[PDB]
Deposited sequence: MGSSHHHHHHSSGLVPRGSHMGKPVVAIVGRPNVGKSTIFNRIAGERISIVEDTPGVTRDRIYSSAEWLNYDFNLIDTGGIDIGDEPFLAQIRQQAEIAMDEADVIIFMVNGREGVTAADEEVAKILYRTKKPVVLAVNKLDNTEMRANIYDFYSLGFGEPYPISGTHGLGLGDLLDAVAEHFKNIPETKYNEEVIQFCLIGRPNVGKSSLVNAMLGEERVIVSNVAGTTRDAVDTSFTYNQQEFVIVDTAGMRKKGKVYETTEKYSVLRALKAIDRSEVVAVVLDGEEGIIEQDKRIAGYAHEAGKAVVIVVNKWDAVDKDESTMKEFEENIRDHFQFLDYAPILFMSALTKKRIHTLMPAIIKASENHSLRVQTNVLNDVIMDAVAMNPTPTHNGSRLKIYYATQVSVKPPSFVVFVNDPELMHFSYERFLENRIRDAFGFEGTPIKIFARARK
């Protein structure tokens, strides 16, 4: 059922690898070969120069679930490879880099390069393990790449339904027309609110436990790119809030924090700043998430919600330029000497982004053990200072 496509410039070994991993034609779509302990289909993306590559790459992006991006290890990273990379940056779908005929290979921006040969199949196992890892994550409900998917999570009666209705009643919104989701456009950009049916579960059904609701909310998070954590401004923070937000964070989702029912809070001039500080104290892992105060009832600041979801989604998807990234890391090291360890100092050689959603970075070092968590946080904050990344977690991995 999973679909795999091989993409790259001419003469990197695509046919050779394709013919090896493919079995019989289905009816172009081929099933995977007998010798493979993986079950999946292959799509042939046969079809100027840039125009022809783009044609192939876009077919893969539409029809496949995982893409193998193949380069030629004998010819190094060519300018034409860098061009294919740029096209492939346009997809959210998993891309695995295979370096055939066996760096700067990390410089392509897709993380670990998998060395292979089409002669005697060296490296194939590891490559196929890496592709197959993605299968479990393939979305059950698929939407066009352009659609931004988000969810609202929060305890019962916080105002999720009311926020959604307040949000959808805006002049900028056109509600459309899988019947669990709600589709709409906002400034003509397409959005999906994941599993609105679960919010409307009440009125048809009694809630006799929250355990299934919690688990259903986790599924909605898995399907979303942005998660709006809605808190009740009247009752304050509770443990269930921390737990579901922690899940979102660990799942690498973009997060926006929404304080609803602000109309009902007895305010002085510092009631908002105190609430904000109370949130930062209870959700110490969500420093990147903006906090929004609104009222679904009076509509106060309702108009700020969609722009915050857009911004978090943008930052979640943000791909940085490598040369700039390295300048930022060297500036960081310049201002703050690296940790030492009984005579051995951490040295940083090179940094690159390896994925998006969330933004993930690899730092090439001396030895990863000398990279302490506190220095890692420091690097993260310097990256945030230079590029923004408001609304999204980021990941930093040290490698030797």
For this chain, which runs of the deposited sequence have no C-alpha coordinates, given in order from the N-terminus?
-> 1 to 22, 50 to 60, 81 to 86, 142 to 150, 226 to 231, 455 to 456
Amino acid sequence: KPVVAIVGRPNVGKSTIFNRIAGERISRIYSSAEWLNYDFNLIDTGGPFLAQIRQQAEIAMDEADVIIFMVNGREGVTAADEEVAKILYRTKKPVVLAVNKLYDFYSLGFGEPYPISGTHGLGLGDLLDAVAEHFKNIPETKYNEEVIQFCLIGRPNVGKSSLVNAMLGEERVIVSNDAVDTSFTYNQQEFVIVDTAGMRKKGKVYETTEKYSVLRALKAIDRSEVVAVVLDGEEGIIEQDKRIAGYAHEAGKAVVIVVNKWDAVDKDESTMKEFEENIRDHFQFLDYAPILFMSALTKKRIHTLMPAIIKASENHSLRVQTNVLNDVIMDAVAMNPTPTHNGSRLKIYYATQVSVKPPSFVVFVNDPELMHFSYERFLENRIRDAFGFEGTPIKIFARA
From here on, numbers count along this sequence of modelled residues.
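For the two forms, the rigid core is made up of the largest set of C-alpha atoms that agree within 1.5 Å on superposition.
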Please work out whether 148 to 156 or 261 to 269 has the higher root mean square C-alpha deviation in 5 other deposited structures of this protein relative to the shown form, with the rigid core as fitting region?
-> 261 to 269
Stretch departing more from the displayed form, 249 to 257 or 201 to 209, Cα RMS in 5 other deposited structures of this protein (core fit) | 201 to 209
Per the PDB record, is the mean Cα temperature factor higher over 222 to 230 or over 179 to 187?
-> 179 to 187
On average, which has the higher Cα B-factor in the deposited entry, 63 to 71 or 355 to 363?
-> 63 to 71
Going by the deposited entry, which of 270, 196, 295, 278 has the highest CA temperature factor?
-> 270
Which of 304, 208, 284, 315 ranks first by CA B-factor in the deposited coordinates | 208
Sorting the chain's modelled residues by C-alpha B-factor and splitting them into thirds places residue 24 in the highest
Residue 118: CA temperature factor from the record, placed by chain third, in the highest
Place residue 94 in the lowest, middle or highest third of its chain's C-alpha B-factors, as listed in the PDB entry.
-> middle
B-factor third for the C-alpha atom of residue 203 within its chain | highest
Pull the Cα B-factor of residue 84 out of the PDB entry and bin it into the chain's lowest, middle or highest third.
-> middle
